[PDB]
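Scroll down for the structure; my scribbles are underneath it.
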Amino acid sequence: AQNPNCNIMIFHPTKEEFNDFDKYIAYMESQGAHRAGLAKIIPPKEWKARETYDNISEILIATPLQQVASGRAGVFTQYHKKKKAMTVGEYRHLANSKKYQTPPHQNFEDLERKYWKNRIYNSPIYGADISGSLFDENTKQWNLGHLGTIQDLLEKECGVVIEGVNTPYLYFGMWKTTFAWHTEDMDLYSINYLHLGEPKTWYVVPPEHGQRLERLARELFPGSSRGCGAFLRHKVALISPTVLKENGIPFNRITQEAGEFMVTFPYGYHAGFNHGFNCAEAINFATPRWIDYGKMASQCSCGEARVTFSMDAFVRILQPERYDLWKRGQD
Ligand SMILES: O=C(O)CNC(=O)C(=O)O
Ligand SMILES: [Mg+2]
Ligand code: NI
Ligand SMILES: [Zn+2]
């Protein structure tokens, strides 16, 4: 078995290997990359996502989210307070202000220490989940707006034609902006490209051990667990590496820098934080190997997780028993 300790693997495809996206994902899995839940892909040196980032300041962040924490430093939830609209140029200036800017630090490890010590005492503002793309239309390789769609994959594998669309999302971050522990909708893959700015640190639990993280989360968030049998779908809970180590949960960590891709694999729980002002683009995707994970994915039916239009068909076709209850949650 390849990669039996479930380490995060880093790949350096050549420009020739960067042509065929599906083939390269299947290659990475042949080497065991999926066992970690997360992989890094460094693009060939010839490749670029677009020519420059000099003209992005007028993108609108219609609903910036202030991430307010509750709990203790290593075990907390966050809620998202909606703020007034602002442009990316306005948000960049805010991220760089004395109130929000990255503190002085020695290296990524010192910054990580500072994040876990101090995150809860601040409420950073995240421009998350903005439909759109920063890939030039002429970028032919690993263009996250030109991937094969999940609906087309389901149709190719299973023969059923379904409604729905699959488009990318932009994320504008600042110091301490946080992504809570989650797997993707329907335990899909994700791919995330860091277009510009400061790094993003990731934590990940191997898919084969995801239920260990879930059992810890039920212990640590006991009211949330009684409220919903899949409350991590709410994407609000944080657990630090120190707490994971104290409870024996297998995980790994890695820092993504500008110009790098990350792939999350089906049922790979992940969480993390931004180091400073940045912009990432991400989208979900599927392969043949995903289908079985989609059939088994948990679902939130309490009403909190409220998701996209396109998830309807995935539930309806892959999980017809759960369909009725899940749809009641969505309505
Ligand atoms: O970058 C972020 O805030 C969160 N991204 C992801 O969870 C992802 O790409 O799957
Ligand atoms: Mg602009
Ligand atoms: Ni994710
Ligand atoms: Zn729920």
Side-chain angles (χ1 to χ4, degrees), residues 2-3 6-11 13 17-18 20-43 129 133 135 141-158 162 164-171 179 181-194 200 202-210 213 232-233 235 252 254 256 260-272 280-299 307-308 310-311 313-315 317-319:
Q2 294 269 225
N3 192 23
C6 300
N7 294 316
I8 300 167
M9 298 178 72
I10 305 161
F11 294 87
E17 288 174 331
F18 218 51
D20 184 338
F21 182 87
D22 291 350
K23 177 183 191 177
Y24 201 78
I25 302 301
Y27 171 71
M28 291 159 60
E29 295 186 359
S30 78
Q31 305 302 296
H34 58 292
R35 293 193 65 178
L38 184 66
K40 178 178 291 194
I41 310 91
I42 295 170
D129 287 320
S133 185
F135 284 88
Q141 300 171 320
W142 289 56
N143 181 324
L144 299 190
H146 296 171
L147 305 179
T149 70
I150 300 159
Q151 296 77 18
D152 282 344
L153 180 285
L154 181 155
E155 177 188 331
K156 292 184 295 191
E157 293 300 296
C158 302
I162 53 169
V165 297
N166 176 205
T167 56
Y169 295 90
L170 304 177
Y171 302 78
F179 53 108
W181 284 106
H182 70 283
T183 63
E184 304 303 306
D185 288 346
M186 218 72 185
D187 297 343
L188 283 159
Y189 295 72
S190 65
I191 180 164
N192 181 303
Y193 181 68
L194 191 55
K200 188 188 294 284
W202 301 67
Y203 305 90
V204 59
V205 174
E208 72 202 61
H209 301 303
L213 183 67
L232 296 176
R233 296 284 168 207
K235 307 194 299 188
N252 280 300
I254 194 170
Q256 176 192 24
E260 306 179 334
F261 291 89
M262 306 297 296
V263 166
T264 82
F265 294 88
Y267 197 62
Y269 275 103
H270 54 282
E281 179 171 342
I283 197 176
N284 297 117
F285 70 94
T287 70
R289 198 176 65 79
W290 167 68
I291 293 283
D292 283 344
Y293 289 88
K295 294 176 177 165
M296 290 178 314
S298 63
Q299 305 297 355
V307 308
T308 185
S310 310
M311 229 193 101
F314 304 155
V315 181
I317 297 311
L318 300 182
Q319 306 184 310

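Values reported hereafter were calculated over all heavy atoms of this structure, with side chains retained and with hydrogens, waters and symmetry mates removed. In this chain, numbering begins with 1 at the start of the sequence shown.
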Show the numbers, then the answer: is there a side chain to side chain contact (heavy atoms under 4.5 Å, CB included) between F261 and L144?
CA-CA 10 Å; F261 291 89; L144 299 190; 4.0 Å; yes

Steps toward side chain to side chain contact (heavy atoms under 4.5 Å, CB included) verdict (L213, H209)
CA-CA 7 Å; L213 183 67; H209 301 303; over 6 Å; no

The test is side chain to side chain contact (heavy atoms under 4.5 Å, CB included); show your working for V307 and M186 and say whether it passes.
CA-CA 11 Å; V307 308; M186 218 72 185; over 6 Å; no

Let me see the working for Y27 and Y24 under ring-ring contact (aromatic ring centres under 6.0 Å, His included), right down to the final yes or no.
CA-CA 5 Å; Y27 171 71; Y24 201 78; 5.5 Å; yes

Checking side chain to side chain contact (heavy atoms under 4.5 Å, CB included) for the pair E17/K23: CA distance, chi angles, key distance, verdict?
CA-CA 8 Å; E17 288 174 331; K23 177 183 191 177; over 6 Å; no

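The backbone N or O of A297 sits less than 3.5 Å from a side-chain atom of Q319, completing a donor-acceptor pair. Between the side chain of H270 and the backbone N or O of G268, at least one donor-acceptor pair lies under 3.5 Å. A distance-only check finds a donor-acceptor pair linking the side chain of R233 to the backbone of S298 [under 3.5 Å]. With hydrogens and angles ignored, the 3.5 Å screen pairs a side-chain donor or acceptor of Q256 with a backbone N or O of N192. Looking at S190, its side chain never comes within 3.5 Å of a backbone N or O of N284 through a donor-acceptor pair. No donor-acceptor pair closer than 3.5 Å links the side chain of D187 to the backbone N or O of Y267.
Closest heavy-atom contact between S30 and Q2: O-CG, 3.6 Å. Smallest separation of non-hydrogen atoms from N252 and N7: ND2-CA, 4.0 Å. Heavy-atom minimum distance, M9 versus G32: SD-C, 4.0 Å. Listed here is the closest heavy atom pair of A39 and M28: CB-CE, 3.6 Å. Considering all non-hydrogen atoms of both residues, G210 and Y269 come closest at O-CE1, 3.8 Å. In this structure, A36 and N3 approach most closely via the heavy-atom pair N-ND2, 4.2 Å.
Note that CE of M311 and CD of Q299 are 4.0 Å apart. Values are rounded to the nearest 0.5 Å. How far OG1 of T149 is from CD of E155: 8.0 Å, rounded to the nearest 0.5 Å. Taking CD1 of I283 as the start and CD1 of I150 as the end, the distance is 7.0 Å to the nearest 0.5 Å. In this structure, CZ on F285 lies 10.5 Å from CG on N166, to the nearest 0.5 angstrom. Note that the CZ atom of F21 and the CG atom of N143 stand 11.0 Å from one another [nearest 0.5 Å]. To the nearest 0.5 angstrom, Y293 atom OH is 12.5 Å from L188 atom CG.
For the pair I8 and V204, the minimum side-chain heavy-atom distance is below 4.5 Å. Contact annotation: the side chain of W290 approaches that of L153 to within less than 4.5 Å [non-hydrogen atoms, C-beta and beyond]. Contact annotation: the side chain of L38 never approaches that of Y203 to less than 4.5 Å [non-hydrogen atoms, C-beta and beyond].
With hydrogens and angles left out, the side-chain atoms of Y189 and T287 include a donor and acceptor closer than 3.5 Å. Side-chain contact of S133 with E281: a donor-acceptor pair under 3.5 Å is present, judged by distance alone. Between the side chains of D129 and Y171, at least one donor N or O sits under 3.5 Å from an acceptor N or O.
Using bins of under 30°, 30° to 60° and over 60° for the plane-to-plane angle, the ring pair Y193/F135 lands in the tilted bin. Taking the six-membered ring where the residue is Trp, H182 and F179 present perpendicular rings, their angle passing 60° and hence far from 30°.
By the side-chain contact (heavy atoms from CB on, under 4.5 Å) test, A271 is found to be paired with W181, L238, residues two or more places apart in sequence or in another chain being considered.
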